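Participant: Supplied in structure tokens, the structure appears directly below.
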Amino acid sequence: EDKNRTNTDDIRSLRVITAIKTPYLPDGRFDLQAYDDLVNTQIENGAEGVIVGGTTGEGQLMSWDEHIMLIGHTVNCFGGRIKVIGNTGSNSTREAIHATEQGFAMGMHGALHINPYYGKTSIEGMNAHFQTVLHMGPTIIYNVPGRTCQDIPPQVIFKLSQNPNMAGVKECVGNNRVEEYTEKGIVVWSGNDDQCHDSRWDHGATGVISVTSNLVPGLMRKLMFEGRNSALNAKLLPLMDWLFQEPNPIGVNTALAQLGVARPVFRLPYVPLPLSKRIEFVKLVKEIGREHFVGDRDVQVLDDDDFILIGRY
Amino acid sequence: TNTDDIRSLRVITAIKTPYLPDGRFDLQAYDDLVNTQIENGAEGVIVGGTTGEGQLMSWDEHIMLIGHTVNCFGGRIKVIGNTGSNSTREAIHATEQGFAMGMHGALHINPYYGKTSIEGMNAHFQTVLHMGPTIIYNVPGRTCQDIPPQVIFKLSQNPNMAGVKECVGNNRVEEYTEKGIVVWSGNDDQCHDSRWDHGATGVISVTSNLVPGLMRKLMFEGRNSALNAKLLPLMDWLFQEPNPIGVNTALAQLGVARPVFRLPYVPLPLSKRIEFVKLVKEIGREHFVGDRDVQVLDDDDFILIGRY
Amino acid sequence: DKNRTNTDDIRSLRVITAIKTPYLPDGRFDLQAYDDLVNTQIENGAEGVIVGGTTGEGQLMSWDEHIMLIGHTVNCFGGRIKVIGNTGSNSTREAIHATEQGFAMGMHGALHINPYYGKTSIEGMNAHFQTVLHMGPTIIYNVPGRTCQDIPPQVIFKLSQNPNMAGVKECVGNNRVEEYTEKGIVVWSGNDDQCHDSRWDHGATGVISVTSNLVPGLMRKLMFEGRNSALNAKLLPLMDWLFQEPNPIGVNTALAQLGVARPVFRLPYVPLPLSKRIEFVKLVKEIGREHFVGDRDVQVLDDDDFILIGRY
Amino acid sequence: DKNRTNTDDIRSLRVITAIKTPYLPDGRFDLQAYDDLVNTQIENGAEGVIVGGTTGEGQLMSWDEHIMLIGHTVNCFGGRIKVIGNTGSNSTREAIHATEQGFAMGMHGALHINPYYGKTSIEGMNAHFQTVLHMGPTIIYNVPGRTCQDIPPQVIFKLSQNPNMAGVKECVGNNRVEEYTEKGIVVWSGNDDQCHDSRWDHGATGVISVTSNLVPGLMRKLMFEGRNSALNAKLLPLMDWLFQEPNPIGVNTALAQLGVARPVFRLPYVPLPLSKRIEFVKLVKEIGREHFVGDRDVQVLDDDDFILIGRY
Ligand SMILES: N[C@@H](CCCC[NH3+])C(=O)O
Ligand SMILES: N[C@@H](CCCC[NH3+])C(=O)O
Ligand SMILES: N[C@@H](CCCC[NH3+])C(=O)O
Ligand SMILES: N[C@@H](CCCC[NH3+])C(=O)O
Ligand code: NA
Ligand code: NA
Ligand code: NA
Ligand code: NA
């Protein structure tokens, strides 16, 4: 219980957690060299944790053997330099139990657990689901009703918070929901890049589980550590708007290809933003400055035929 | 003529998947449920739909259950595999295996949780539309993404697009049927009006799991607002928690499925099970599946399984 | 009485083809090519098929592929041929699961090998078979050259007490065949070059055959029309060619040369070399092309026609 | 340079334990029991562990169990012992995926058997091994008693051209061991009852051991402190008892009797009978309980203490 306590507190103290993009080879297999370069770039620019195969990491498109491999690989290669949080959540309790116990057995520092999506359940069912995995180790509960189509209500979060393994909540409902939890001492990470500044400084959020940190990790570190900076927050808004004009991770996948740090390979059902938006992206990089974005290569527009779409991989 | 056989079906049951106490499929109980559907005029079955808890299956057990259903019943009923996924890879592999097992058609949802652009949604459906007769499934209450009319009209030009399982409501159903697209209502409490007022071919039904004879009557024997009003309390009871919590609880009370739930589903509470006994008596037990007297059951009768 | 006839339906089969699983260029199943192979077997008097046996590369399938191929075969051909799923495993857990799923697909029977690589005690071997023998008609497969463990007579005799034990696919030789057939146990020879003598001199019911993949008509003649030392001697050069490397290397090469399977190998199998493919053209000319499956002129094929897949 | 160092780090190991995988009463892995077994090996001078080898029942594992156990062993013990994953398979697809996943998760080496049951040609064996050898330090496993196919010297000589081929786990005997060691190829004996003479008289580097599961200190002494024919002779009755039925039946029974694993077997393995367990208690007394793993007095155990799992 003393080790469990320290383990949970080591997650609660994290302010910058990157929902890391999973890059691919031309045949659709994981590009582990590109992935390792992405994680090293996050560490060098002050990311304190990584979600492995989150929504941004396309965990939804992995086989369990790929997903478990990427968790174990990240622990083995980077576990001493960053906290590794496996997205071992599922709409199936059986899948969540097996994936979470395997992830913890291979040394991941915490688990991200969404409520069941598509196959939505009752409040009693939601509690039953979370109770099967909460005992296994430090857990972040993920409320994203725009994707799950089911709000995790405060009554569920308050009951789960009775368990010392509940590290906190990745909250997407907004700053009023954030404040309801943080005023009661529950740790909250904003899941909304365009709200995380106000969440952090005005509503008691500990930090952010970020998509945008994939592109500008240094600026997101600054936003979470160095106090209110409404000017920097305003300067990042056009980039955050561009990143979410189509569902995540279409934007981050397109951007990382343009910056030359991931191959222009998409696993279906994702397809890149079209030419006009890629031209907009080069303009956004020029306005902020290329030096703030990951990678060293000059940003490219890329041609339509540079992109590879993989269904069977 | 494969696709035209699907297009003529008016009663398609989203069949419940029953379990043994260790959480494995109860294939004996499953066969008994499908046989009862065939005897009471069900014309098709969705295997591992939302009601069938496909979302809780391994692909191993989902494709097995499709193959089992084709072997046992394929000559007596149209077998539509729910081979859809939020992952294009999973949808491709499940659909080609389902068609290889001999299923008559596929049900395909738009990607849920990992939602995509219109262009990505089109790309997803195109990987599976060429494999055989396909019903497109629109349920924005569960996917949190409406398949817009623009997409359905474009998909409907593909001769393998049988039609739409539509859950938006009767205005959406009518927008499609008036433009010659075949529509099954996905909403039991709307399907009567859908069928008789809005050009729906029929229903892909949860309630037919409980009262298959009454649902066939509702789709075939003409407009009957009195029979429809008679079923509304039962339909309201079945959807007070998300499907399939209601049907799982009801089939346990009727004795045709064991009171075994795969998590994250748990039964309706005692007060609702007491109300179910009253709903059965009001409609008449003879109209519900099974021969056993309806039991309330104790909370401690229900087995909740996470590890199966 | 209901189960008795299902097992008796298997016991009466004389020609069971261990059917080859053909592939498309990236290593996925070629179901069109497979269906054509099975139809050819039926048309030429094969009475059963083993789905994903040693010849069918069941050892290279995932269980989802293997159970799909069984269900596909039952649905498409189950009324025209007896479908025996190779649902055996060196893991009891895998054998139980695969056998249950196979019978749920409607397969007529199961083929069960003793545990290979992870060999066990006589008591362990009996425990293994007892978990699956109750599920339906079962053929017990003894192939000590592959398993490195003989299923001894004492085990076959104990298994024989269960009515679901249809018989034995025996590879030890015609002396072991006779030890069983003289006690009323049904035996299929698993050795194409012994099956004639097994059938006519040692009371074997018939063969579970590799060679029937190429010349199903001639293997049917061999098992049905009586003693024919001339026909048996005529087939021996083809049988020697098919088993010069471990099965199914020969049959995979031959079916590609005859144009009824694509020249796609799942590793760790690779084709016979050009010298053997030239010999095969000569063997076909000597027997006559009309006796071999397919209508295309037999080809040698270039080394570069053969696609070797690891990531299947 | 890092690859040369990683390979040399495997080549220097003299005592590698083929660690037993212990189970909970329902058949799932007992990770608490496993962690205690690995700790005991480290404390008594084991330098490497095979995860899910023949002894570890890799043959009865699902891949998710097998990969988890490799990743768990690296995470908990990888700084204190070399972790060699048994990521081999008779299927090249299984071997490729398991091996790349095991190396991605930080295993130090891979153990690769030639394809068993589905045996292939020499050319096929080479093609199989070439798909995995480039992925990291590799021990080639020759056990013709289980595979029913000798990996011939020409295959080992060819693989030894690759800087990732660490060496050979050889079971054919001391003549084959010497054909490799005389050329500077690293060999571990796979035969506990030969490994003493193999180490001191035939140039073997050490042993990949079953017996080290029971007496790790005595096996370390045998591999490091020079010829000791007396100690080797003192161990022979124990080694004879451990292999009277196929491994791991003996080690599974012994570890239950020493109280360091539950008396739980995955089929098709079943324990040695009562008379053999009585013989074990006598063997432990003659050698001395202090040399065997665990602190608890050795127990005979009753027949009904043992649990046999089919659906694990
Ligand atoms: N596509 C499925 C399976 C993903 C499994 C690996 N995370 C889902 O989103 O639930
Ligand atoms: N739970 C996953 C996998 C189900 C796969 C079998 N239908 C999902 O809902 O996407
Ligand atoms: N390669 C494994 C798995 C095959 C499973 C499908 N038959 C074996 O030969 O046991
Ligand atoms: N029982 C199969 C599969 C084992 C997979 C895990 N090592 C075999 O021995 O090949
Ligand atoms: Na995430
Ligand atoms: Na459905
Ligand atoms: Na066979
Ligand atoms: Na080993």
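Start at 1 and count along the chain as shown; that gives each residue its number.
Header entry for method reads X-ray crystallography, 1.8 Å.
Backbone N, Cα and C define each Cβ position, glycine as well.
Pulled these from Swiss-Prot:
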ACT_SITE  D:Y141  active site, proton donor/acceptor
ACT_SITE  D:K169  active site, schiff-base intermediate with substrate
BINDING   D:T55, D:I208  pyruvate binding site
SITE      D:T54  site 'Part of a proton relay during catalysis'
SITE      D:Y117  site 'Part of a proton relay during catalysis'
Participant: For the C-alpha pair, I'd like the distance in angstrom between D:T55 (pyruvate binding site) and the residue listed as 'active site, schiff-base intermediate with substrate', rounded off.
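Facilitator: Taking the Cα atoms only, D:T55 (pyruvate binding site) lies 14 Å from the residue listed as 'active site, schiff-base intermediate with substrate'.
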Participant: Do any of D:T54, D:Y117, D:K169 (recorded positions) have a CA within 10 A of D:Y141 (active site, proton donor/acceptor), and if so which?
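Facilitator: So the list reads D:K169.
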Participant: Report the member of D:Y117, D:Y141 (the recorded positions) whose C-beta atom has the most other C-beta atoms within 10 angstroms.
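Facilitator: The largest 10 Å Cβ neighbour count belongs to D:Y141.
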Participant: If you measure C-alpha to C-alpha, which of D:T54, D:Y117, D:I208 (recorded positions) come within 10 angstroms of D:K169 (active site, schiff-base intermediate with substrate)?
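Facilitator: So far as Cα distances go, the recorded positions lying within 10 Å of D:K169 (active site, schiff-base intermediate with substrate) are D:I208.
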Participant: Which residues of the same chain, at least 6 positions away in sequence, have a Cβ lying under 8 Å from the Cβ of D:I208 (pyruvate binding site)?
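Facilitator: Non-local contacts for D:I208 (pyruvate binding site): D:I16, D:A18, D:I50, D:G53, D:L111, D:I139, D:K169, D:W188, D:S189, D:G190.
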Participant: Using Cβ-Cβ distances, find the residues under 8 Å from D:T54 (site 'Part of a proton relay during catalysis') that belong to the same chain and are at least 6 apart in sequence, listing them in sequence order.
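Facilitator: Sequence-distant Cβ neighbours: D:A18, D:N86, D:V143, D:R146, D:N247, D:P248.
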Participant: For the recorded positions D:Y117, D:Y141, D:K169, which sit with their CB under 6 angstroms from an atom of ligand 8?
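Facilitator: Result: none.
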Participant: Around ligand 6, within a Cβ distance of under 6 Å, which of the recorded positions D:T54, D:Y117, D:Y141, D:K169, D:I208 show up?
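Facilitator: If the test is a Cβ under 6 Å from any atom of ligand 6, the answer is none.
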Participant: Please work out the number of neighbouring Cβ atoms within 10 Å of the Cβ of D:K169 (active site, schiff-base intermediate with substrate), leaving out its own Cβ.
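Facilitator: I get 25 for this one.
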Participant: How many other Cβ atoms sit within 10 Å of the Cβ of D:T55 (pyruvate binding site)?
Facilitator: 24
Participant: Near chain C: which of the recorded positions D:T54, D:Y141, D:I208 have their Cβ closer than 8 Å to one of its Cβ atoms?
Facilitator: D:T54
Participant: According to DSSP, collapsed to three classes, what secondary structure does D:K169 (active site, schiff-base intermediate with substrate) have?
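Facilitator: Reduced to three states, the DSSP call for D:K169 (active site, schiff-base intermediate with substrate) is strand.
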